[PDB]
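J.: protein_4.pdb (PDB, C-alpha atoms and all ligand atoms) pasted underneath:
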ATOM      1  CA  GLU L 697     164.202  94.855 230.502
ATOM      2  CA  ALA L 698     167.423  96.827 230.063
ATOM      3  CA  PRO L 699     169.396  96.942 226.782
ATOM      4  CA  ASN L 700     172.761  95.217 227.037
ATOM      5  CA  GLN L 701     175.222  97.772 225.730
ATOM      6  CA  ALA L 702     178.364  95.725 226.324
ATOM      7  CA  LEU L 703     180.998  96.157 223.612
ATOM      8  CA  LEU L 704     182.436  93.127 221.844
ATOM      9  CA  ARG L 705     186.042  93.787 220.773
ATOM     10  CA  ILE L 706     187.371  91.971 217.682
ATOM     11  CA  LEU L 707     191.167  91.716 217.919
ATOM     12  CA  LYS L 708     193.608  91.279 215.047
ATOM     13  CA  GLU L 709     195.493  87.948 214.983
ATOM     14  CA  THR L 710     198.714  89.971 214.607
ATOM     15  CA  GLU L 711     198.202  91.821 217.899
ATOM     16  CA  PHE L 712     198.968  88.852 220.170
ATOM     17  CA  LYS L 713     201.802  86.316 220.666
ATOM     18  CA  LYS L 714     201.104  82.771 221.931
ATOM     19  CA  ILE L 715     203.943  81.741 224.239
ATOM     20  CA  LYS L 716     202.943  78.226 225.350
ATOM     21  CA  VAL L 717     200.142  75.759 226.059
ATOM     22  CA  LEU L 718     198.867  76.012 229.599
ATOM     23  CA  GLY L 719     196.407  73.114 229.392
ATOM     24  CA  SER L 720     194.019  71.074 227.314
ATOM     25  CA  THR L 725     193.068  74.205 224.706
ATOM     26  CA  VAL L 726     194.337  77.315 226.608
ATOM     27  CA  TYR L 727     197.571  79.212 225.868
ATOM     28  CA  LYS L 728     199.555  81.820 227.685
ATOM     29  CA  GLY L 729     200.180  84.839 225.482
ATOM     30  CA  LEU L 730     200.784  88.558 225.207
ATOM     31  CA  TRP L 731     198.397  91.057 223.630
ATOM     32  CA  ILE L 732     199.839  94.287 222.217
ATOM     33  CA  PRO L 733     197.055  96.600 220.970
ATOM     34  CA  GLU L 734     198.326  98.511 217.921
ATOM     35  CA  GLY L 735     200.550 101.455 218.854
ATOM     36  CA  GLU L 736     199.134 101.631 222.404
ATOM     37  CA  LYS L 737     202.495 101.085 224.173
ATOM     38  CA  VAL L 738     201.208  98.213 226.371
ATOM     39  CA  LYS L 739     201.643  94.453 226.616
ATOM     40  CA  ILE L 740     198.742  92.558 228.255
ATOM     41  CA  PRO L 741     199.387  89.010 229.534
ATOM     42  CA  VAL L 742     196.441  86.969 228.270
ATOM     43  CA  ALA L 743     194.981  83.494 228.187
ATOM     44  CA  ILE L 744     193.763  82.407 224.748
ATOM     45  CA  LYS L 745     191.155  79.624 224.470
ATOM     46  CA  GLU L 746     191.492  78.215 220.896
ATOM     47  CA  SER L 752     182.473  72.517 213.891
ATOM     48  CA  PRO L 753     179.435  74.874 213.604
ATOM     49  CA  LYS L 754     177.880  73.908 216.950
ATOM     50  CA  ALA L 755     181.278  74.400 218.619
ATOM     51  CA  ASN L 756     181.410  78.051 217.426
ATOM     52  CA  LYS L 757     177.788  78.568 218.522
ATOM     53  CA  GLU L 758     178.766  77.502 222.091
ATOM     54  CA  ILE L 759     182.016  79.496 222.208
ATOM     55  CA  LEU L 760     180.293  82.675 221.013
ATOM     56  CA  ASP L 761     177.510  82.261 223.568
ATOM     57  CA  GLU L 762     180.227  82.176 226.205
ATOM     58  CA  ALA L 763     181.810  85.352 224.803
ATOM     59  CA  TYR L 764     178.369  86.978 224.904
ATOM     60  CA  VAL L 765     178.019  86.286 228.629
ATOM     61  CA  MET L 766     181.683  86.996 229.492
ATOM     62  CA  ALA L 767     181.551  90.370 227.721
ATOM     63  CA  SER L 768     178.442  91.488 229.609
ATOM     64  CA  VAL L 769     180.079  91.124 233.028
ATOM     65  CA  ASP L 770     182.494  93.479 234.745
ATOM     66  CA  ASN L 771     183.370  92.540 238.256
ATOM     67  CA  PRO L 772     186.701  92.116 240.078
ATOM     68  CA  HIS L 773     185.817  88.533 241.027
ATOM     69  CA  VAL L 774     184.435  87.581 237.604
ATOM     70  CA  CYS L 775     186.755  86.542 234.769
ATOM     71  CA  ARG L 776     187.185  89.399 232.247
ATOM     72  CA  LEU L 777     186.840  88.904 228.485
ATOM     73  CA  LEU L 778     189.248  91.068 226.595
ATOM     74  CA  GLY L 779     188.076  90.163 223.118
ATOM     75  CA  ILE L 780     187.734  87.515 220.471
ATOM     76  CA  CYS L 781     189.840  86.882 217.389
ATOM     77  CA  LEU L 782     188.129  85.452 214.329
ATOM     78  CA  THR L 783     190.067  82.725 212.652
ATOM     79  CA  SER L 784     189.624  79.293 211.113
ATOM     80  CA  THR L 785     189.092  78.476 214.785
ATOM     81  CA  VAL L 786     187.619  81.209 216.925
ATOM     82  CA  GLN L 787     189.637  82.355 219.989
ATOM     83  CA  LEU L 788     188.509  83.863 223.289
ATOM     84  CA  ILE L 789     191.095  86.181 224.785
ATOM     85  CA  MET L 790     190.978  86.598 228.531
ATOM     86  CA  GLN L 791     193.073  87.972 231.345
ATOM     87  CA  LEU L 792     195.905  85.630 232.270
ATOM     88  CA  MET L 793     195.475  83.981 235.698
ATOM     89  CA  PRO L 794     199.080  82.997 236.498
ATOM     90  CA  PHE L 795     198.258  80.624 239.383
ATOM     91  CA  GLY L 796     195.686  78.532 237.459
ATOM     92  CA  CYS L 797     192.486  77.149 238.925
ATOM     93  CA  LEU L 798     191.884  77.178 242.664
ATOM     94  CA  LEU L 799     191.196  73.446 242.851
ATOM     95  CA  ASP L 800     194.687  72.581 241.549
ATOM     96  CA  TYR L 801     196.145  75.372 243.669
ATOM     97  CA  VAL L 802     194.809  74.202 247.017
ATOM     98  CA  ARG L 803     195.787  70.665 246.035
ATOM     99  CA  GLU L 804     199.378  71.721 245.435
ATOM    100  CA  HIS L 805     199.887  74.179 248.294
ATOM    101  CA  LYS L 806     197.668  72.577 250.968
ATOM    102  CA  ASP L 807     200.487  72.480 253.472
ATOM    103  CA  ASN L 808     201.031  76.231 253.175
ATOM    104  CA  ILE L 809     197.473  77.603 252.886
ATOM    105  CA  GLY L 810     196.253  79.512 255.944
ATOM    106  CA  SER L 811     192.814  80.130 257.370
ATOM    107  CA  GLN L 812     192.743  83.732 256.235
ATOM    108  CA  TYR L 813     193.314  82.906 252.571
ATOM    109  CA  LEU L 814     190.612  80.252 252.721
ATOM    110  CA  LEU L 815     188.088  82.613 254.299
ATOM    111  CA  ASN L 816     188.942  85.443 251.932
ATOM    112  CA  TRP L 817     188.465  83.167 248.929
ATOM    113  CA  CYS L 818     184.993  82.376 250.295
ATOM    114  CA  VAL L 819     184.233  86.111 250.541
ATOM    115  CA  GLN L 820     185.537  86.868 247.029
ATOM    116  CA  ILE L 821     183.605  84.012 245.402
ATOM    117  CA  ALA L 822     180.452  85.107 247.196
ATOM    118  CA  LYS L 823     181.014  88.578 245.837
ATOM    119  CA  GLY L 824     181.313  87.269 242.300
ATOM    120  CA  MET L 825     178.194  85.181 242.646
ATOM    121  CA  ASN L 826     176.210  87.989 244.232
ATOM    122  CA  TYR L 827     177.272  90.185 241.337
ATOM    123  CA  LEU L 828     176.125  87.546 238.828
ATOM    124  CA  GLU L 829     172.831  87.383 240.704
ATOM    125  CA  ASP L 830     172.549  91.188 240.417
ATOM    126  CA  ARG L 831     172.818  90.791 236.658
ATOM    127  CA  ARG L 832     170.242  87.989 236.743
ATOM    128  CA  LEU L 833     172.732  85.278 235.709
ATOM    129  CA  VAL L 834     172.613  81.689 236.937
ATOM    130  CA  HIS L 835     176.125  80.242 236.676
ATOM    131  CA  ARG L 836     175.183  76.497 236.868
ATOM    132  CA  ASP L 837     178.804  75.190 237.054
ATOM    133  CA  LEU L 838     180.213  76.816 240.170
ATOM    134  CA  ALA L 839     183.098  74.633 241.459
ATOM    135  CA  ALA L 840     186.660  75.006 242.631
ATOM    136  CA  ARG L 841     187.987  73.944 239.194
ATOM    137  CA  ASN L 842     186.098  76.970 237.774
ATOM    138  CA  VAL L 843     187.553  79.629 240.097
ATOM    139  CA  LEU L 844     190.859  80.992 238.923
ATOM    140  CA  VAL L 845     193.710  82.576 240.839
ATOM    141  CA  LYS L 846     195.143  85.906 239.650
ATOM    142  CA  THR L 847     197.134  86.178 242.845
ATOM    143  CA  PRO L 848     196.825  84.085 246.063
ATOM    144  CA  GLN L 849     194.960  87.180 247.407
ATOM    145  CA  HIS L 850     192.537  87.548 244.438
ATOM    146  CA  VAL L 851     190.332  84.908 242.752
ATOM    147  CA  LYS L 852     187.757  85.161 239.955
ATOM    148  CA  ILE L 853     184.830  83.025 238.800
ATOM    149  CA  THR L 854     185.102  81.676 235.256
ATOM    150  CA  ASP L 855     184.013  78.941 232.779
ATOM    151  CA  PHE L 856     180.305  79.481 232.420
ATOM    152  CA  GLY L 857     179.591  77.862 229.114
ATOM    153  CA  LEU L 858     176.475  76.514 230.831
ATOM    154  CA  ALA L 859     175.508  79.939 232.278
ATOM    155  CA  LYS L 860     171.960  81.097 231.414
ATOM    156  CA  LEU L 861     170.087  84.373 231.886
ATOM    157  CA  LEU L 862     166.729  85.442 233.257
ATOM    158  CA  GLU L 868     163.870  79.155 237.417
ATOM    159  CA  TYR L 869     165.329  77.702 234.251
ATOM    160  CA  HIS L 870     164.836  74.359 232.423
ATOM    161  CA  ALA L 871     167.895  72.429 231.239
ATOM    162  CA  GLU L 872     167.659  70.377 228.076
ATOM    163  CA  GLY L 873     170.348  67.807 227.325
ATOM    164  CA  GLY L 874     173.744  68.916 228.572
ATOM    165  CA  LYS L 875     176.121  66.784 230.608
ATOM    166  CA  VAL L 876     176.034  67.866 234.241
ATOM    167  CA  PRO L 877     178.286  67.935 237.363
ATOM    168  CA  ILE L 878     175.528  66.343 239.571
ATOM    169  CA  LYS L 879     177.599  66.405 242.775
ATOM    170  CA  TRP L 880     177.821  70.188 242.661
ATOM    171  CA  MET L 881     174.094  70.374 241.893
ATOM    172  CA  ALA L 882     171.119  71.267 244.036
ATOM    173  CA  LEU L 883     168.541  68.514 244.505
ATOM    174  CA  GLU L 884     165.869  70.281 242.429
ATOM    175  CA  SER L 885     168.358  70.669 239.550
ATOM    176  CA  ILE L 886     169.129  66.946 239.501
ATOM    177  CA  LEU L 887     165.535  65.743 239.620
ATOM    178  CA  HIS L 888     163.671  68.521 237.746
ATOM    179  CA  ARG L 889     166.448  70.340 235.794
ATOM    180  CA  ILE L 890     165.419  73.500 237.691
ATOM    181  CA  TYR L 891     168.153  76.117 238.128
ATOM    182  CA  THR L 892     167.995  79.263 240.229
ATOM    183  CA  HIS L 893     170.385  81.589 242.030
ATOM    184  CA  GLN L 894     169.608  79.480 245.109
ATOM    185  CA  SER L 895     170.593  76.378 243.118
ATOM    186  CA  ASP L 896     173.919  78.224 242.681
ATOM    187  CA  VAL L 897     174.204  78.625 246.447
ATOM    188  CA  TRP L 898     174.154  74.847 246.763
ATOM    189  CA  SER L 899     177.126  74.604 244.418
ATOM    190  CA  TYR L 900     178.810  77.344 246.377
ATOM    191  CA  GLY L 901     178.532  75.110 249.442
ATOM    192  CA  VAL L 902     180.195  72.200 247.633
ATOM    193  CA  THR L 903     182.842  74.650 246.385
ATOM    194  CA  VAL L 904     183.619  75.811 249.943
ATOM    195  CA  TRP L 905     183.798  72.167 250.941
ATOM    196  CA  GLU L 906     186.419  71.348 248.330
ATOM    197  CA  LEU L 907     188.569  74.250 249.546
ATOM    198  CA  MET L 908     188.156  73.314 253.253
ATOM    199  CA  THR L 909     189.277  69.769 252.424
ATOM    200  CA  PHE L 910     192.099  71.100 250.182
ATOM    201  CA  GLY L 911     190.647  69.640 247.024
ATOM    202  CA  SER L 912     188.967  66.400 248.056
ATOM    203  CA  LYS L 913     186.513  64.897 245.563
ATOM    204  CA  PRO L 914     182.883  65.106 246.765
ATOM    205  CA  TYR L 915     181.271  61.739 247.340
ATOM    206  CA  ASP L 916     184.502  60.146 246.164
ATOM    207  CA  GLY L 917     183.874  56.597 245.014
ATOM    208  CA  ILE L 918     180.114  57.024 244.440
ATOM    209  CA  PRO L 919     178.696  57.310 240.921
ATOM    210  CA  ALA L 920     176.324  60.134 240.009
ATOM    211  CA  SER L 921     173.382  57.646 239.654
ATOM    212  CA  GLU L 922     173.057  57.278 243.436
ATOM    213  CA  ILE L 923     173.618  60.938 244.433
ATOM    214  CA  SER L 924     169.947  61.801 243.966
ATOM    215  CA  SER L 925     168.668  59.252 246.485
ATOM    216  CA  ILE L 926     171.594  59.868 248.887
ATOM    217  CA  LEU L 927     170.511  63.437 249.433
ATOM    218  CA  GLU L 928     166.853  62.433 249.406
ATOM    219  CA  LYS L 929     167.780  60.249 252.429
ATOM    220  CA  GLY L 930     169.166  63.322 254.227
ATOM    221  CA  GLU L 931     172.883  62.621 253.776
ATOM    222  CA  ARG L 932     175.372  65.417 253.079
ATOM    223  CA  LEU L 933     179.069  65.971 252.714
ATOM    224  CA  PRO L 934     181.100  65.457 255.918
ATOM    225  CA  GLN L 935     182.504  68.134 258.238
ATOM    226  CA  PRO L 936     186.041  68.903 257.048
ATOM    227  CA  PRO L 937     188.606  68.477 259.855
ATOM    228  CA  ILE L 938     189.798  72.094 259.859
ATOM    229  CA  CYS L 939     186.146  73.321 260.108
ATOM    230  CA  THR L 940     184.593  74.645 263.241
ATOM    231  CA  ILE L 941     180.867  74.078 263.432
ATOM    232  CA  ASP L 942     180.383  77.783 262.541
ATOM    233  CA  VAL L 943     181.822  77.281 259.054
ATOM    234  CA  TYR L 944     180.334  73.810 258.590
ATOM    235  CA  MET L 945     176.868  75.033 259.526
ATOM    236  CA  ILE L 946     177.018  77.528 256.670
ATOM    237  CA  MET L 947     177.815  74.728 254.236
ATOM    238  CA  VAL L 948     174.902  72.717 255.568
ATOM    239  CA  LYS L 949     172.562  75.690 255.072
ATOM    240  CA  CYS L 950     173.577  75.845 251.394
ATOM    241  CA  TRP L 951     172.271  72.267 251.189
ATOM    242  CA  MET L 952     168.710  72.557 252.479
ATOM    243  CA  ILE L 953     165.995  70.997 250.369
ATOM    244  CA  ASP L 954     163.980  74.213 250.631
ATOM    245  CA  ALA L 955     165.821  76.537 248.265
ATOM    246  CA  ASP L 956     164.461  79.650 250.001
ATOM    247  CA  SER L 957     165.791  78.409 253.353
ATOM    248  CA  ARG L 958     169.303  78.399 251.897
ATOM    249  CA  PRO L 959     171.446  81.525 252.351
ATOM    250  CA  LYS L 960     171.659  84.450 249.955
ATOM    251  CA  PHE L 961     175.071  85.300 248.458
ATOM    252  CA  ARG L 962     174.950  88.762 250.101
ATOM    253  CA  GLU L 963     174.535  87.044 253.477
ATOM    254  CA  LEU L 964     177.426  84.678 252.708
ATOM    255  CA  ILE L 965     179.599  87.737 252.058
ATOM    256  CA  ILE L 966     178.736  89.162 255.473
ATOM    257  CA  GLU L 967     179.213  85.857 257.314
ATOM    258  CA  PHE L 968     182.596  84.980 255.855
ATOM    259  CA  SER L 969     183.699  88.627 256.257
ATOM    260  CA  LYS L 970     182.919  88.463 259.956
ATOM    261  CA  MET L 971     185.022  85.307 260.234
ATOM    262  CA  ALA L 972     187.816  86.668 258.076
ATOM    263  CA  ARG L 973     188.411  89.302 260.824
ATOM    264  CA  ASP L 974     189.459  86.524 263.221
ATOM    265  CA  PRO L 975     190.235  83.415 261.099
ATOM    266  CA  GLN L 976     191.811  81.154 263.664
ATOM    267  CA  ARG L 977     188.543  81.218 265.588
ATOM    268  CA  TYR L 978     186.815  79.542 262.620
ATOM    269  CA  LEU L 979     189.392  77.308 260.935
ATOM    270  CA  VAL L 980     191.870  75.207 262.886
ATOM    271  CA  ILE L 981     194.968  74.425 260.792
ATOM    272  CA  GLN L 982     198.280  73.061 262.093
ATOM    273  CA  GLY L 983     200.980  75.663 261.647
ATOM    274  CA  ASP L 984     198.791  78.559 260.590
ATOM    275  CA  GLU L 985     201.021  80.949 262.580
ATOM    276  CA  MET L1007     208.882  92.745 229.356
ATOM    277  CA  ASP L1008     209.030  96.353 230.604
ATOM    278  CA  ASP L1009     205.754  97.875 229.425
ATOM    279  CA  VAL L1010     203.555  95.096 230.813
ATOM    280  CA  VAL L1011     200.075  96.031 232.110
ATOM    281  CA  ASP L1012     197.649  93.649 233.751
ATOM    282  CA  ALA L1013     194.247  93.558 232.102
ATOM    283  CA  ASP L1014     192.576  94.917 235.286
ATOM    284  CA  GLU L1015     194.438  98.155 234.564
ATOM    285  CA  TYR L1016     193.672  98.198 230.822
ATOM    286  CA  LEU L1017     190.306  99.897 230.213
ATOM    287  CA  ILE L1018     188.922 101.825 227.219
TER     288      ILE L1018
HETATM  289  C1  LIG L1101     191.644  73.480 236.933
HETATM  290  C2  LIG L1101     192.656  73.451 235.777
HETATM  291  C3  LIG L1101     193.383  74.734 235.551
HETATM  292  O1  LIG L1101     194.294  75.122 236.300
HETATM  293  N1  LIG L1101     193.041  75.538 234.483
HETATM  294  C4  LIG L1101     191.988  75.100 233.572
HETATM  295  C5  LIG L1101     192.267  75.566 232.102
HETATM  296  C6  LIG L1101     193.732  75.411 231.651
HETATM  297  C7  LIG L1101     194.552  76.645 231.889
HETATM  298  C8  LIG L1101     194.976  76.720 233.340
HETATM  299  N2  LIG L1101     195.881  77.845 233.621
HETATM  300  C9  LIG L1101     195.618  79.199 233.418
HETATM  301  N3  LIG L1101     194.380  79.647 232.925
HETATM  302  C10 LIG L1101     194.025  80.894 232.633
HETATM  303  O2  LIG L1101     194.887  81.756 232.758
HETATM  304  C11 LIG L1101     192.662  81.265 232.175
HETATM  305  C12 LIG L1101     192.149  82.572 232.149
HETATM  306  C13 LIG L1101     190.856  82.868 231.717
HETATM  307  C14 LIG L1101     190.018  81.859 231.310
HETATM  308  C15 LIG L1101     190.505  80.549 231.352
HETATM  309  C16 LIG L1101     189.591  79.434 230.922
HETATM  310  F1  LIG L1101     188.241  79.661 231.001
HETATM  311  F2  LIG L1101     189.776  79.029 229.661
HETATM  312  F3  LIG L1101     189.780  78.346 231.673
HETATM  313  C17 LIG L1101     191.798  80.264 231.792
HETATM  314  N4  LIG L1101     196.661  79.939 233.820
HETATM  315  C18 LIG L1101     197.684  79.054 234.294
HETATM  316  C19 LIG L1101     198.966  79.356 234.805
HETATM  317  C20 LIG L1101     199.784  78.333 235.212
HETATM  318  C21 LIG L1101     199.347  77.009 235.109
HETATM  319  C22 LIG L1101     198.091  76.674 234.604
HETATM  320  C23 LIG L1101     197.732  75.222 234.529
HETATM  321  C24 LIG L1101     197.236  77.731 234.190
HETATM  322  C25 LIG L1101     193.756  76.787 234.288
END
What would the structure in this file look like if it were written as structure tokens?
T.:
Amino acid sequence: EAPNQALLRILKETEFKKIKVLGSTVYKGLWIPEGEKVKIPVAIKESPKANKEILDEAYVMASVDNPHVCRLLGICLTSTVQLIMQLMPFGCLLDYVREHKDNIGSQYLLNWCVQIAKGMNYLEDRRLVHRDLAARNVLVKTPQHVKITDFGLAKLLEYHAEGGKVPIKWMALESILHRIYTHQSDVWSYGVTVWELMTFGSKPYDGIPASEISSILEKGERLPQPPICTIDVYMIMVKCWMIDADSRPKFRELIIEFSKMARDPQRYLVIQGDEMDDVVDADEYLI
């Protein structure tokens, strides 16, 4: 039972500029630590229960350090508390594949699968069940480099959920029926994640409401084989969706498998046509 010696950095409101709203509330901004001669591009995410939730997220986000996990730079305390994170200029991967589907190649797809598996296997190393793994919750720093994010529902070690709203279609069968959550439950969601990428952002079980999903998978139904997918790739998705959680693959095995395929991508995915001076990115700002 190791002591968590992560540092929580409290940043002065004066140290950062908010340029613009990226979505709804996240802002693009610049962080200039006092007299340190750097500008860090940042994303700022700006009720008592609401602060309880947001600080629990900062707790988790500050205890992780991995190149495919979203990095917390600090918090600012305000009327409204702010999380300050590394800016991901290309947004979330779901929107990204949806917008650039006609120019995404097999090697980017397979390398995103490797990188996400690395993030997840790192979160498993630190005994953390994500519980909301999905393409909308993977962000894009560059087309070559993605990071897992948005774990307000992440918990730390099975686990028993209480009352939260849930994704259901990204969820393992045991989670839906028994509110049980494990690293292997995450692997299920990883499989749905890979499926949304391989379909370029299709909605899982589109036009079905969550009420029926439980019996659908009880019956033995799963998500379809995406057109670009050889059986090799699709079989790995199907393994993430076994009813026996221990029969599903381990994130370290998923890394290996997708790495193998990333060395020869066109064998595994068939796609038509595959063929402001002192700025520092946060991945280079350490102290
Ligand atoms: C799937 C929707 C999407 O693209 N999002 C969701 C949140 C709105 C901001 C969007 N966005 C960012 N986000 C970030 O840079 C970011 C970094 C760290 C954490 C978070 C978090 F947890 F709050 F979501 C977000 N960056 C850009 C750049 C361009 C366009 C957009 C829409 C964008 C991401």
J.: Restrict the calculation to all atoms listed in the file, then for each residue of chain L with any atom at most 6 Å from an atom of ligand LIG 1101 (chain L) give the closest atom pair and their distance in Å to one decimal, rows by chain and rising residue number, as JSON lines.
T.:
{"residue": "L:718", "atom": "CA", "partner": "L:LIG1101", "partner_atom": "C7", "distance": 4.9}
{"residue": "L:719", "atom": "CA", "partner": "L:LIG1101", "partner_atom": "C6", "distance": 4.2}
{"residue": "L:726", "atom": "CA", "partner": "L:LIG1101", "partner_atom": "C7", "distance": 5.3}
{"residue": "L:743", "atom": "CA", "partner": "L:LIG1101", "partner_atom": "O2", "distance": 4.9}
{"residue": "L:745", "atom": "CA", "partner": "L:LIG1101", "partner_atom": "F2", "distance": 5.4}
{"residue": "L:790", "atom": "CA", "partner": "L:LIG1101", "partner_atom": "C13", "distance": 4.9}
{"residue": "L:791", "atom": "CA", "partner": "L:LIG1101", "partner_atom": "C12", "distance": 5.5}
{"residue": "L:792", "atom": "CA", "partner": "L:LIG1101", "partner_atom": "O2", "distance": 4.0}
{"residue": "L:793", "atom": "CA", "partner": "L:LIG1101", "partner_atom": "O2", "distance": 3.7}
{"residue": "L:794", "atom": "CA", "partner": "L:LIG1101", "partner_atom": "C19", "distance": 4.0}
{"residue": "L:795", "atom": "CA", "partner": "L:LIG1101", "partner_atom": "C19", "distance": 4.8}
{"residue": "L:796", "atom": "CA", "partner": "L:LIG1101", "partner_atom": "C24", "distance": 3.7}
{"residue": "L:797", "atom": "CA", "partner": "L:LIG1101", "partner_atom": "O1", "distance": 3.8}
{"residue": "L:799", "atom": "CA", "partner": "L:LIG1101", "partner_atom": "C1", "distance": 5.9}
{"residue": "L:800", "atom": "CA", "partner": "L:LIG1101", "partner_atom": "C1", "distance": 5.6}
{"residue": "L:841", "atom": "CA", "partner": "L:LIG1101", "partner_atom": "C1", "distance": 4.3}
{"residue": "L:854", "atom": "CA", "partner": "L:LIG1101", "partner_atom": "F1", "distance": 5.7}
{"residue": "L:855", "atom": "CA", "partner": "L:LIG1101", "partner_atom": "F1", "distance": 4.6}
J.: Nearest to residue 930 of chain L: which of L:762, L:894, L:772, L:953 is it, counting all atoms listed in the file?
T.: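 Selected residue with least distance to residue 930 of chain L: L:953.
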J.: To one decimal place, how far is atom CA of residue 737 of chain L from atom CA of residue 708 of chain L in Å?
T.: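 Interatomic distance, atom CA of residue 737 of chain L to atom CA of residue 708 of chain L: 16.1 Å.
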J.: Residues at most 8 Å from residue 821 of chain L, counting all atoms listed in the file, excluding those fewer than 4 positions away in the same chain, as number ranges by chain?
T.: L: 773, 817, 825, 843, 851-853
J.: Hey, can you spit out that residue selection with C-alpha atoms as a PDB file, in the frame of the given file?
T.:
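And here's part34.pdb as it stands now:
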ATOM      1  CA  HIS L 773     185.817  88.533 241.027  1.00  0.00           C
ATOM      2  CA  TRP L 817     188.465  83.167 248.929  1.00  0.00           C
ATOM      3  CA  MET L 825     178.194  85.181 242.646  1.00  0.00           C
ATOM      4  CA  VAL L 843     187.553  79.629 240.097  1.00  0.00           C
ATOM      5  CA  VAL L 851     190.332  84.908 242.752  1.00  0.00           C
ATOM      6  CA  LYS L 852     187.757  85.161 239.955  1.00  0.00           C
ATOM      7  CA  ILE L 853     184.830  83.025 238.800  1.00  0.00           C
TER       8      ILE L 853
END
J.: Where does the PyMOL selection byres (((chain L and resi 812) around 12) and not hetatm) land in this file, that is, which residues does it pick, as a PyMOL selection string?
T.: chain L and resi 808-811+813-819+848-849+908+968-981+984-985
J.: Keeping C-alpha atoms, export the residues of the selection given above as a tab-separated table (two decimals), keeping the file's coordinate frame.
T.:
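The result, stored in selection13.tsv:
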chain	number	residue	atom	x	y	z
L	808	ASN	CA	201.03	76.23	253.18
L	809	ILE	CA	197.47	77.60	252.89
L	810	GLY	CA	196.25	79.51	255.94
L	811	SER	CA	192.81	80.13	257.37
L	813	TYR	CA	193.31	82.91	252.57
L	814	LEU	CA	190.61	80.25	252.72
L	815	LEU	CA	188.09	82.61	254.30
L	816	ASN	CA	188.94	85.44	251.93
L	817	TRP	CA	188.46	83.17	248.93
L	818	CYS	CA	184.99	82.38	250.30
L	819	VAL	CA	184.23	86.11	250.54
L	848	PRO	CA	196.82	84.08	246.06
L	849	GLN	CA	194.96	87.18	247.41
L	908	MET	CA	188.16	73.31	253.25
L	968	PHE	CA	182.60	84.98	255.86
L	969	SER	CA	183.70	88.63	256.26
L	970	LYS	CA	182.92	88.46	259.96
L	971	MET	CA	185.02	85.31	260.23
L	972	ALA	CA	187.82	86.67	258.08
L	973	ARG	CA	188.41	89.30	260.82
L	974	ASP	CA	189.46	86.52	263.22
L	975	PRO	CA	190.24	83.42	261.10
L	976	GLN	CA	191.81	81.15	263.66
L	977	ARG	CA	188.54	81.22	265.59
L	978	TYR	CA	186.82	79.54	262.62
L	979	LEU	CA	189.39	77.31	260.94
L	980	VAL	CA	191.87	75.21	262.89
L	981	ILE	CA	194.97	74.42	260.79
L	984	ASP	CA	198.79	78.56	260.59
L	985	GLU	CA	201.02	80.95	262.58
J.: Per residue of segment 741-847 of chain L within 9 Å of segment 870-880 of chain L, what are the shortest atom pair and its distance in Å to one decimal, counting all atoms listed in the file, with rows by chain and residue number, as JSON lines?
T.:
{"residue": "L:836", "atom": "CA", "partner": "L:880", "partner_atom": "CA", "distance": 9.0}
{"residue": "L:837", "atom": "CA", "partner": "L:877", "partner_atom": "CA", "distance": 7.3}
{"residue": "L:838", "atom": "CA", "partner": "L:880", "partner_atom": "CA", "distance": 7.5}
{"residue": "L:839", "atom": "CA", "partner": "L:880", "partner_atom": "CA", "distance": 7.0}
J.: In Å, how far is it from atom CA of residue 704 of chain L to atom CA of residue 786 of chain L?
T.: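 Value for the atom CA of residue 704 of chain L-atom CA of residue 786 of chain L distance: 13.9 Å.
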J.: Which residues would end up in the selection if the PyMOL selection byres (((chain L and resi 890) around 6) and not hetatm) were applied here, given that I need the answer as an MDAnalysis selection string?
T.: chainID L and resid 868:870 884:885 888:889 891
J.: In Å, how far is it from atom CA of residue 897 of chain L to atom CA of residue 950 of chain L?
T.: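 Separating atom CA of residue 897 of chain L from atom CA of residue 950 of chain L is a distance of 5.7 Å.
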J.: If you apply the PyMOL selection byres (((chain L and resi 741) around 12) and not hetatm) to this file, what residues do you get, as a PyMOL selection string?
T.: chain L and resi 712-715+727-733+738-740+742-744+778+789-794+846+1007+1009-1016
J.: Looking at L:947, L:886, L:698, L:941, which one is nearest to residue 925 of chain L, with distances taken over all atoms listed in the file?
T.: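 Checking each of L:947, L:886, L:698, L:941 against residue 925 of chain L, counting all atoms listed in the file, the winner is L:886.
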J.: Which of these, L:914, L:830, L:926, L:754, has the shortest distance to residue 770 of chain L once you count all atoms listed in the file?
T.: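 So, comparing all the options, the nearest one is L:830.
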